[PDB]
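Participant: Following this message is one structure expressed as structure tokens.
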Protein chains: 2
Amino acid sequence: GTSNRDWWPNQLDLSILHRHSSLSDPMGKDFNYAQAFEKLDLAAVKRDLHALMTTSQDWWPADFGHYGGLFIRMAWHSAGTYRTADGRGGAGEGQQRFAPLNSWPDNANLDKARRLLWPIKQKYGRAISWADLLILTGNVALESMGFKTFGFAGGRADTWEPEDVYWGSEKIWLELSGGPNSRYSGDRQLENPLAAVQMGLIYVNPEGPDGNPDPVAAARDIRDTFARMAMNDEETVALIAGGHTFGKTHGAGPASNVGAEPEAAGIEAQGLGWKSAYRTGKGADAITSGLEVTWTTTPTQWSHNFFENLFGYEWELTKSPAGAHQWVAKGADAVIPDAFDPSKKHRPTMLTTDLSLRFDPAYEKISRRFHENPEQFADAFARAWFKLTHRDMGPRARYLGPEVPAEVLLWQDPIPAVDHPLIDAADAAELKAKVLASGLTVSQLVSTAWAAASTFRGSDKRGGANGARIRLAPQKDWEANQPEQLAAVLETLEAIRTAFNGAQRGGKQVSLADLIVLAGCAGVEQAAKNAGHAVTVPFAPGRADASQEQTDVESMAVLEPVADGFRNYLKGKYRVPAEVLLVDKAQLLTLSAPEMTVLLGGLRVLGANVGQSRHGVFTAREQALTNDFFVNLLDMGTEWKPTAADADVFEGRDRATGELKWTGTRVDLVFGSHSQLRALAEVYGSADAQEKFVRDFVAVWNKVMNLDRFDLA
Amino acid sequence: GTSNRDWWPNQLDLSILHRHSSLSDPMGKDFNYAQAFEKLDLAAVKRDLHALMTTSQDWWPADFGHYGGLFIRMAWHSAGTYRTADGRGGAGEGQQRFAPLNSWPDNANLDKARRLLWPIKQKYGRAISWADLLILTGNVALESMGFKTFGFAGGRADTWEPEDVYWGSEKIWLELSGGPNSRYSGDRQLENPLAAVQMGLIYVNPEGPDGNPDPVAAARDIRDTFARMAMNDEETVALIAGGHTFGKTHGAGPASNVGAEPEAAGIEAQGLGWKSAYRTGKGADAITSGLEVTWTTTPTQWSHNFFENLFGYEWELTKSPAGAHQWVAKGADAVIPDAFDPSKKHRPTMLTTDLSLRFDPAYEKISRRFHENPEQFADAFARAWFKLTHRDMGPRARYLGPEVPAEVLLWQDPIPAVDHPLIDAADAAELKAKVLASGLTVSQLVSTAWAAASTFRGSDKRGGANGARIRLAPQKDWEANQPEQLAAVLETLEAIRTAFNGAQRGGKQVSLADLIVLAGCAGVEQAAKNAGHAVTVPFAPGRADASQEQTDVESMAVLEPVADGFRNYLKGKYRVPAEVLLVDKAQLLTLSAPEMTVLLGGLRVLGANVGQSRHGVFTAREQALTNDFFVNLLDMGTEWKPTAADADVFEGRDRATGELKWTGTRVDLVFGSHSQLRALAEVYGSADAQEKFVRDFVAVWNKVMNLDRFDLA
Ligand code: HEM
Ligand code: HEM
Ligand code: NA
Ligand code: NA
């Protein structure tokens, strides 16, 4: 059946802004997962998971009689899709059970692991999400095998359809680098926002780069991809050595034995995939990755035998039964148990990527230190496993249940607790008037509050106006934030704050985070007043001001809005058209297409553009909240042409006279070109729409202001 | 960006069930189009449309100084996508302004017609939908040119994204028959549900079949496509001759001059397309279809000149300036005006498809009669234009405004008005108890009410339980409805009805249509009671019984559910897999994926399957309303395999012993296979979900019982 995507494959795709609607959700509109989780008997779920670890099912017999290894890998791949660049991927939505992740080659036989969990998911129902359960099961695996975890937070609500993520452009699973859709260019530079070396892998190729079994080269890919998943060298070594203390790989016969991945398998497979014709197709005969490595002499118990083996032997390049490159310990005795036959034993083996931990010079120091101090290894692995499995959950306010660790970690972008009375509605009105009386403009007020609140991304729930991080490095120096203007606005607001706070009793005070948002609300109010409307913009206090020492500058860097269509901003030239980057930012902001549309049209006429650019400012009453963007954009009396100097800027001229009326970017003009966006523009550009436009703009403004307010959830 | 659709292009697409969500809608949740339309000053809109007809814009100058032809074609293409097979297409949702239809080749330069209407749409705003406006404009064009229309109804609400319609499988616009994705096989057999001869055409090729200019062969395509749009010979002849009384075609130079269609054009084109490098690109130089035909001596006035020209000359094959086949009158004088130059005149011309009206024997007789009796032509065209433009609007209760014709027409599937007091809640309770005391089973009651209500399709709003059409030909004879069993149930219900109606006073009576639905409700109550739940099923009286004479047997044929997954029914073997046909039926029923899921699971255990087939009846307490379907389907203790005898039936065996536990179809097993459906099945198959299942089932049951109840809108 030929589709619009087939006819016009480069047209902008708005369906990404309309996923996760109430139509696709089987739970009531009123369902609150946090409330269901809060009543879960978490102890009883853990006792069940513990029993399951050693209760082998004959359809997928447990290696060594213990599923622990399998379930650790399951949870690490659930979490391991995360990219710091956009915050997409990770464990937080349980997307491993949907396409395409459920069928990535790196996720082979994780369908079996998930199916093993059905009885427990069925028993506890809506009270534990598949997303929380994947992670919990990993924790319980570790605990069952003698490793004490750092803690666990529930709260990851289930989703009900595939997330829209750019995972790369390749058309062939696992394609080696350098093809027509290469994710690499230059000196092995991985394109943002990717965080894996090949389509369908979690991070790196366990044989080595593009299959070349060079541990030193593999180390470079490990470091690059893990950094792109927000992990540093110490965390990376801890995670890899920690994980590969347990279990085994599977490659007992040729890969050509393995049938279709789950999304391609026949209906009778009932959601399972990779059915194998090799011998029994399971257990002793299992084929998953193609590698056949078992790392320790006790694969079902925590130990320090991974680093003892790594450093205590020299290693030889060999091949698994499926032909994969892997390494075996030279001259070793048969000390590694067999997963099914008590009478056989094997020499220690390793992946190329495991050898990277010894042969990269910077990893070798860390590995040596962990080998000498197994307690340091254990502590680092515990902390890294928590970060890995929680890095996409957002603020600590979202963390549920009795196992939440009390320690506040830098990567959580922590916000201090509020310890004073909050401002009330009269206070808010007084503050808005003082803000407006200072001389700050509508344009300044809206721009500042937009800049502060629009760092939020729903992908990992990082960013937003909470914390007043706009006043700190690095946000205060981002070009999009206009650092000099920003500093002068912040200084005026801080004088207002000081004056207000010094007049109070009873310890009532207002944070700068709250005042930034409130001041933006006053700007929008005044803009509405300038257009003849009396409205109150809602405002909820309770944000707090975070310190520079609570703000990791390097991890903040990924929030810099190098494209922000809502401010008509592009930091450089990108191979993705600007309208696609608009819709990308809108999705991160959790906006629908109507919300995106109203919001952009308003922000243009309020003066929010970076550098005071006139592009898209289609009004003669700047700083009044009107629908002039849409009415002027849609006027057929104007003809548009790309400029000679820059094909991405357009001149709008009177058709009759040739007089220059406006200029606009691709971001501006897409609203009068794309057939779905133009239909939305037409609603807000009709003669009956000025009141609707004001009310919808206020609503969407308030939504943006509150994106990170999980304290009010 | 590689997508799930790229990796698994044959996987079932559920996003069609979650289209048109509140996310993509710019209007409030509470927006009611009918109430906005009821306040429109329709007379004022029509005055404005009159003024527009001769207000030529320089960017697309009006032929003969009047746009009426162009706007009649616009309206007739809006309506002309309609297929009686599925009810999809037509004018009723305004889809001509969205992809793909805004860019079909047959819709070339209709982007100009639509843009000419923007100022009016803008002036009246939400009070007139684009959908209503396109049709009203057609009407105004006719009336402006001297033709009295039969009427007009408003009420077509605008939609906000593209409708999911199978338009064919070809990958090339306008592909001639016999390609790798041919919509034709056999003796020129068009595949259902298609109603056009080439991808991107409204009905037929104006040059003749696959471009071959044989008017007799063209006539066969005309009859077949128009029948597939619910029009007979008399209506077809009237419409074609009626339309081609006005205006002209456009083919002033080679088609190679014409640029990208709208969805392909550059952003500066602002939603327009087909920009032409031929001379001025417009007006006298316009290129649309490539044909250059002007049919009458007064193209901007109603006349009888079409049939006078058709019959008064003999015709010679020639070519337009773009090289298209067309016809010119032998020996004729230059009598046809030029659209721009008062000093030129042209010989009469015709399309191949116009000549069909003379050279096909059956059309010839009709055309002669219209020629001889012009008042009959006028009246038949007025009626057929009304049908064309309202055929997809549904019941008369949806028709809004002061121009709605009082005459009731057969194709509106009319329902008599209620002229007595309705039953109340006490009466309902009495009737339900009587239904249960008669001996009729859960299975019979649910199957009957399902059969009656599930004829509804939202595409054209035909079908549903209103009218008690299930007791009439042809529904009472459909194999899916089980004629024998149906007759025995209807006879029992009719005795109950007679007894109840005979006891009443004051003219109160219950229709059979109501009693069928009420009896279904009682069956669901009983089924719930069998499972140990106390449930009252909502019911709304007010349906009436239609007569056989109000029920066109031929037009009812298209509602026959040749695939109905909700009863595990397939009438024959089809090239489309049965799970695709399930989701298709759900979409017609307006169901989301969670609704479809709960509904099917319930219907299986209540005994709704055609022929009492055991396929999918995964319970040992048939006729009790439980979630057994889901709990047993998801049981990993069962292994499924296709049977040797039939690859579309599956056996589910105990994995440990090999004992057969169940059988199922592809419709049954898709819920355990498709990753998104199985996530839904899991919610209803959980230990906490028996009450949720029962309540969600009742809600969806009631929804289906009320689909056609536009009398209570
Ligand atoms: C350079 C990074 C990594 C690479 C290339 C890698 C590669 C692999 C491969 C290829 C397998 C075999 C799959 C099979 O055939 O069954 C596997 C197994 C495993 N990995 Fe990793 N791994 C990496 C990091 C991690 C991390 C970070 C963890 C967890 C903290 C982890 C935990 C495990 C576990 C537990 C298994 C055993 C599965 C079982 O017993 O069934 N790995 N790894
Ligand atoms: C077999 C059926 C039909 C064929 C193949 C057909 C074909 C066409 C073609 C090829 C054009 C020229 C498009 C262009 O170059 O501008 C056209 C024009 C038009 N058709 Fe049809 N037509 C059909 C039926 C209809 C019907 C049912 C109506 C309306 C009741 C209609 C009304 C018109 C009008 C008014 C125009 C003139 C447009 C103008 O002046 O710009 N036609 N037709
Ligand atoms: Na994420
Ligand atoms: Na339709």
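What is reported rests on the model, the rules as stated and the sources as named; nothing here is a laboratory result. For neighbour counting, all protein chains shown are included, and Cβ atoms are generated from backbone atoms with ideal geometry for every residue, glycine included.
Participant: When you look at A:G271, is it within 14 Å of chain B (Cβ to nearest Cβ) and either in contact (Cβ under 8 Å) with a residue 24 or more places away in the chain or in a loop (DSSP other than H, G, I, E, B) (or both), yes or no?
Facilitator: Considered against the rule, which asks whether it is within 14 Å of chain B (Cβ to nearest Cβ) and either in contact (Cβ under 8 Å) with a residue 24 or more places away in the chain or in a loop (DSSP other than H, G, I, E, B) (or both), A:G271 comes out as yes.
Participant: May I pose another question? Residues in segment A:114-123: is at least one surrounded by fewer than 17 Cβ atoms within 10 Å (Cβ to Cβ), away from ligand 3 (no atom under 16 Å from the Cβ) and more than 10 Å from every other protein chain (Cβ to nearest Cβ)?
Facilitator: No.
Participant: Under 21 Å from A:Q122 (Cα atoms), touching a residue at least 40 places away in the same chain (Cβ under 8 Å) and part of a loop (DSSP other than H, G, I, E, B) - does that describe any residue in segment A:1-12?
Facilitator: Within segment A:1-12 (the criterion being under 21 Å from A:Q122 (Cα atoms), touching a residue at least 40 places away in the same chain (Cβ under 8 Å) and part of a loop (DSSP other than H, G, I, E, B)), the answer is no, since none of the residues qualifies.
Participant: Does any residue of segment B:535-557 turn out to be within 18 Å of B:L12 (Cβ to Cβ) and either in the same structural domain as B:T441 (by CATH) or within 24 Å of the chain's Cα centre (by Cα) (or both)?
Facilitator: No, segment B:535-557 contains no residue that is within 18 Å of B:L12 (Cβ to Cβ) and either in the same structural domain as B:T441 (by CATH) or within 24 Å of the chain's Cα centre (by Cα) (or both).
Participant: Out of everything in segment A:232-254 that is outside any helix (DSSP H, G or I) and not small (G, A, S), what residue ends up being farthest from ligand 3 (Cβ to nearest atom)?
Facilitator: Out of the qualifying residues, it is A:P254.
Participant: Would you check which residues across segment B:255-268 are without any contact (Cβ under 8 Å) to a residue 12 or more places away in the chain and part of a loop (DSSP other than H, G, I, E, B) and list them?
Facilitator: B:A265, B:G266
Per-residue answers, yes or no, for (1) surrounded by fewer than 23 Cβ atoms within 10 Å (Cβ to Cβ); (2) not hydroxyl-bearing (S, T, Y):
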{"position": "B:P421", "(1), (2)": "yes, yes"}
{"position": "B:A426", "(1), (2)": "yes, yes"}
{"position": "B:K434", "(1), (2)": "yes, yes"}
{"position": "B:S443", "(1), (2)": "yes, no"}
{"position": "B:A453", "(1), (2)": "no, yes"}
{"position": "B:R457", "(1), (2)": "no, yes"}
{"position": "B:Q475", "(1), (2)": "no, yes"}
{"position": "B:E479", "(1), (2)": "yes, yes"}
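Okay, residues lined up against (1) more than 10 Å from chain B (Cβ to nearest Cβ); (2) of a type in the set (D, E, K, R); (3) within 16 Å of ligand 3 (Cβ to nearest atom):
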residue	(1), (2), (3)
A:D13	no, yes, no
A:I16	yes, no, yes
A:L40	yes, no, no
A:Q57	no, no, no
A:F64	yes, no, no
A:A108	yes, no, no
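Participant: Continuing with this model, one more query. What do you reckon, is A:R19 of a type in the set (K, R) and within 18 Å of A:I135 (Cα to Cα)?
Facilitator: The answer is no for A:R19.
Participant: Is it true that B:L190 is within 16 Å of ligand 2 (Cβ to nearest atom), surrounded by fewer than 23 Cβ atoms within 10 Å (Cβ to Cβ), aliphatic (A, V, I, L, M) and over 25 Å from B:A563 (Cα atoms)?
Facilitator: Considered against the rule, which asks whether it is within 16 Å of ligand 2 (Cβ to nearest atom), surrounded by fewer than 23 Cβ atoms within 10 Å (Cβ to Cβ), aliphatic (A, V, I, L, M) and over 25 Å from B:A563 (Cα atoms), B:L190 comes out as no.
Participant: Against the definition (away from ligand 2 (no atom under 16 Å from the Cβ), over 21 Å from the mean Cα position of the chain (by Cα), of a type in the set (A, V, I, L, M) and on the phi < 0 side of the Ramachandran plot), how does A:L133 come out, yes or no?
Facilitator: No.
Participant: With (1) touching a residue at least 24 places away in the same chain (Cβ under 8 Å); (2) buried (at least 16 other Cβ atoms within 10 Å of the Cβ) as the list, and B:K39 as the residue in question, which single condition is left unmet?
Facilitator: Condition not satisfied by B:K39: (2).
Participant: Let me ask you something else. How do the pairs read when you match residues in segment B:76-97 that are more than 15 Å from ligand 2 (Cβ to nearest atom) with residues anywhere that are of a type in the set (V, I, T) and part of a helix (DSSP H, G or I), using Cβ under 7 Å and keeping only pairs 6 or more apart or on different chains?
Facilitator: Correct list of pairs: B:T84/B:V558; B:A85/B:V558.
Participant: Which members of segment B:379-405 meet the condition of being over 18 Å from the mean Cα position of the chain (by Cα) and under 11 Å from B:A153 (Cα atoms)?
Facilitator: Scanning segment B:379-405 gives B:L400, B:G401, B:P402, B:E403, B:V404, B:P405.
Participant: Considering segment A:643-653 alone, what residues qualify as being more than 7 Å from chain B (Cβ to nearest Cβ) and not in a loop (DSSP other than H, G, I, E, B)?
Facilitator: A:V649, A:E651, A:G652, A:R653
Participant: How many of the residues in segment B:322-337 are in contact (Cβ under 8 Å) with a residue 24 or more places away in the chain and surrounded by 15 or more Cβ atoms within 10 Å (Cβ to Cβ)?
Facilitator: Number of matching residues: 7.
Participant: Can you name the number of the only condition in (1) outside any helix (DSSP H, G or I); (2) within 14 Å of chain B (Cβ to nearest Cβ); (3) farther than 21 Å from A:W411 by Cβ that A:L176 fails?
Facilitator: Here A:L176 clears every test but (2).
Participant: Out of everything in segment B:147-187 that is surrounded by 14 or more Cβ atoms within 10 Å (Cβ to Cβ) and among the β-branched types (V, I, T), what residue ends up being nearest to ligand 3 (Cβ to nearest atom)?
Facilitator: By that ranking, first place goes to B:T159.
Participant: Now a separate question. For segment B:566-642, give me every one of the helices (runs of 4 or more DSSP H) that falls completely inside it and has 1 or more residues that are under 24 Å from the mean Cα position of the chain (by Cα) and away from chain A (no Cβ under 14 Å).
Facilitator: Here the list reads B:578-588.
Participant: Is there any pair linking a residue in segment B:196-220 that is more than 14 Å from chain A (Cβ to nearest Cβ) to one that is more than 13 Å from ligand 2 (Cβ to nearest atom) and of a type in the set (D, E, K, R), with Cβ under 9 Å and at least six apart or on different chains, and which?
Facilitator: B:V197/B:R183; B:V197/B:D210; B:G208/B:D214; B:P209/B:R188; B:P215/B:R358; B:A217/B:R188; B:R220/B:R188
Participant: Going residue by residue through segment B:653-675, is there one that turns out to be of a type in the set (D, E) and in contact (Cβ under 8 Å) with a residue 40 or more places away in the chain?
Facilitator: Yes, segment B:653-675 contains a residue that is of a type in the set (D, E) and in contact (Cβ under 8 Å) with a residue 40 or more places away in the chain.
Participant: Starting from residues that are within 16 Å of ligand 2 (Cβ to nearest atom) and in a loop (DSSP other than H, G, I, E, B), keep the ones in segment B:389-445 and report whichever is farthest from B:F566 (Cα to Cα).
Facilitator: B:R391
Participant: With A:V667, A:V649 as the choices, which residue is buried (at least 20 other Cβ atoms within 10 Å of the Cβ) and outside the structural domain of A:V694 (by CATH)?
Facilitator: When all the criteria are applied, what remains is A:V667.
Participant: Which members of segment A:521-535 meet the condition of being part of a loop (DSSP other than H, G, I, E, B) and buried (at least 16 other Cβ atoms within 10 Å of the Cβ)?
Facilitator: Scanning segment A:521-535 gives A:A531, A:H533, A:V535.
Participant: Does segment A:654-681 hold any residues that are within 11 Å of another protein chain (Cβ to nearest Cβ) and part of a strand (DSSP E or B), and which are they?
Facilitator: Selection gives A:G664, A:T665.
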